[PDB]
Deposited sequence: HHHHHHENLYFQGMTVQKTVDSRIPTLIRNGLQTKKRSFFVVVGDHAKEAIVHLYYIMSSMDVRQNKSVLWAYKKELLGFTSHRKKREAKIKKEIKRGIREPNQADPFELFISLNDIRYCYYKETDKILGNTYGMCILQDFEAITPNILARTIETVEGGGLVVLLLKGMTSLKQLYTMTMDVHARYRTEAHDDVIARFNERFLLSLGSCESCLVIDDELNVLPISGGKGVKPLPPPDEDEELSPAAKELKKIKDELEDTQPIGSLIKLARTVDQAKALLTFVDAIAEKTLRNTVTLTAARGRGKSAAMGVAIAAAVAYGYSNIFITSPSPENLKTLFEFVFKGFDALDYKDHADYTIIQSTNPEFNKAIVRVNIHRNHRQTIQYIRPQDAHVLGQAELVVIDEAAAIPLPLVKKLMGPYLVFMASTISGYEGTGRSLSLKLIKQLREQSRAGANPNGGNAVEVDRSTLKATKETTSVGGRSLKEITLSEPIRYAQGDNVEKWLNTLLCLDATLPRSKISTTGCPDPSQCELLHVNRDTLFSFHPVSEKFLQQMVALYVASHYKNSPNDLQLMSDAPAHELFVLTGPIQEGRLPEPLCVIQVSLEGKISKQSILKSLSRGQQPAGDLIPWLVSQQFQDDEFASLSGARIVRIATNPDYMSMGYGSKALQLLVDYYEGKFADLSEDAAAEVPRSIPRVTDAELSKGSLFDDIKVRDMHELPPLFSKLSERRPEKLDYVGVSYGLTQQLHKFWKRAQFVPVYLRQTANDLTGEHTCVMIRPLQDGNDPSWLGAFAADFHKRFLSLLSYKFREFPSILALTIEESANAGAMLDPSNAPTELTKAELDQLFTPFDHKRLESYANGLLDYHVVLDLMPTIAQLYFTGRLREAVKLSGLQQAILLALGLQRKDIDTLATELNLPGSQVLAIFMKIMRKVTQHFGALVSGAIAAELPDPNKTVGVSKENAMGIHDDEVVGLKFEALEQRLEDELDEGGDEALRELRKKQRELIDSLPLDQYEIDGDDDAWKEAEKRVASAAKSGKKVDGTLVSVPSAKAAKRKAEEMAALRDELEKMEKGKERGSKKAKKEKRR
C-alpha cells in the first residue's frame, strides 16, 4: 500500500517549479493509477485544479468522474479544444495517436499538471516494436503488403531521455526504462519575502503606467515581460496617430502573440479608430484574438448589447467564426474579418492585422500592404511552424519595402515555466525544433536511422530540418509516413568526406516504388468509381486516359527532394537527380547507416514520375531533367493557389519510348482546348512553356509527326470572303475587332504543327498569339501582363497576321 516516494517527490517538484510531469501506465487497471495520481497532485495545491481533458478514439473511478469537470474529446475533434487550458490530460488508445494528435493534446496543460499515457495490458514491453497501428491500413498496397513498425521503437527508446518521465505498472512500480528514477527532492522555498526578478520587473512595469489611460488598465492583462513590451510597442505605434508604422512579431508556439494583438486591437478601438481589418489563412486562427479583444473591452468598462454588438457567420460550417463587430459608443466603429484575396476593400482602412503572415503566399501579403498601419505575427518554431526559407523571404521583402519597421520577439512561454522537460522531449521526438562533380550519392538505411542512437539521431534531425524548410505549416505526420512506409527509400548527396566524420547532407531524395497492378483490378476500377488510392501515378493516368496498359508497368515516384537553403542554385539537386537516374538505369556495377550505390543492385523500372504544384521555376528545373507533362488539374489548391502537374520520364534502358508519346500528344491536344476553361488566368509565358514541353515530349512516337496544310483542307476552313477580310485587315483597312472569330482557327492551325514549319514566330509573337487565340484575353489585359503599352501590342500582332495571310494566298493560288 506504500506508494514509492519518487512519485510524490516529482509531483511536488513540478508544482514548486511550475513544470509538467509525464507518467506512462502499463496494465489493465489504469483507472486506479490515474485516481491516485490526481489525488496526490490535488492534495498539495489549490490554485491549480483546473478541468481534466480526456481524448480517445471510439471507446473510486465512478466517484472520480462525478466530482470534476471532464471534457471528452475525440481524436478527430481535437481542433475544438484549441486555446483552452487544462490541469490534466489523458490519452487512452495508443493504437491511433498520430504525432499531430500528440502535439495538440499536450500543449494545453498548464505548469504543474500531469500528462498520463495509457498502455494496453502486456507481459513484456517489447511487443510495441512491431504492433499493428490504425494508420498502417492506408500504407499497404497490392504490390507491398508487409509493414514493419519503427515509430513505436523510437517512442519507447526516447522515454529514458526525459528527466520528468516515470513509467509505472498496475501495482505502482517504477521500471528501469523510466528516465526520471534519479530525481531528488528540491529544497523547500520561502516566497514570503523572496520574489522572482521577473515578477518584480513585471510589477514595476505595470505600476509605472497606472496613472495613464487606457494603457494603465490594459497593461494589467499581460503575464510575461515580453508580452508587456510587445503591448507597449503596439500601443506606442497606435497612439502616435501616424499611419506609417509596421510591427512584425515572431516567436514559437505558445508565447502570446495572438492575445497581445487582440489587446492592441482594443487599445486601437479605444483610441478612436474606425476601420479595422483582420486577415488570416483560416478563420480558426482568430479564436483567441477575438477573445482578448472582448477581454480588453471588458477591462475598458464597455457594456454588451449597449455599446457593441457581435455579428457571427452562422451559415457556413465555421459557425463560431466571428466576422464583424460593431461599436457605437461615440461614433460608429467596426472590426471586419476578410479573406487574404479581398485586398480591394481596404481603400478606407486604418489598421490591418495579418495573423500568421508566413503561411500566406507572398504576393497576397505584398498586395495587402497599403498606406496605413499593419500588425504582423508569425510562428517560427514548434508545432505547425513555418520553414525558415519562407520566413527569410518574408522579412527580406518587408525590409526591401522600407515607413517604419520594428521587429520584436517573445521567448518565455505562458502556460508552463521556461525550460520544461516535457516540451523538450516532445520537440526532440517529433523534430519540431565543394564542386558538384565531386559529390557522391548514398543510400540511408531506415532500420538504424530510427534506432535512437546518438549519431543516427543527430543525422535524422539534420535531414528532417532539411526537408521541412519550405513547408507552409510543419506537420509531424510525415515523420510517421517516412518511418513506417513499406516501400519508401531515402537517398542523400554528400561531398568528399573522411573516416570518423559524419557527412553534412547537401541534398535529400525520398522515392517510392509504384506500379505492377494486375489488369483485373484495373478493369474493375475503370468500370466503376471505387479506387484504392494507394498509388498516385498509376491510378491517375489510367483514369484520365482510360488506359489499361500503363498501370501494369513498374516505376518510381519522387515524393520529396530538397537541398540546403544556403546551397541552393549551385547544381546539387541536378547532380543528385542524375545520379539517381543512372543508378536506376543500371550504370553502377545494426547494419551500417550509409551504403554505397555500387554495393546494392537497383530495380528494373520503366519510368520515373513526379507530382508538384506548378510554377515556372520548378517547371524549368523538371523540364531540364527530361520530364514530360501528362496532367494538369483545373481547380487550384486552396492552401497555396497552384495547379497540380504530373511529369514522367521514360528512363528504361534500351526500350521503346512509344507508350509515352501517345499520352504526351493527347495532353497536348487537351491543353489547347482547355486554355479557356480555368486556364485563362495563366500568364502567357507559363502556358507557352508547358505547351512547348508537351509538344517536344509528344515526339517520342515517330507517327506523331505533323503534316503540311494543303489547299483542299484550307478551302474547308476559310471561305473567300474570310480571305478578303483577312487581307483587308493585314493592309490596315479594318479594325481588329472584325477579324476576331478567326483567331481560334489560326491559333489551332499554328500550335498543332500544320502551319508551324511554313511560318516562323518568335517567343513574344508566340505568346501574344497563344493568349489572343486560345485564352481569349483582351488587349488591355495583355498590355498589363507584358508591361508594354496597349498601342504597341497591336503593332506586333499585325505582323503575325500578315505572315499567315501570305502563306494562305500562296497555298490557294498554287
Which deposited-sequence positions, grouped into ranges, are missing C-alpha coordinates? 1 to 17, 77 to 106, 450 to 479, 511 to 523, 680 to 717, 943 to 1086
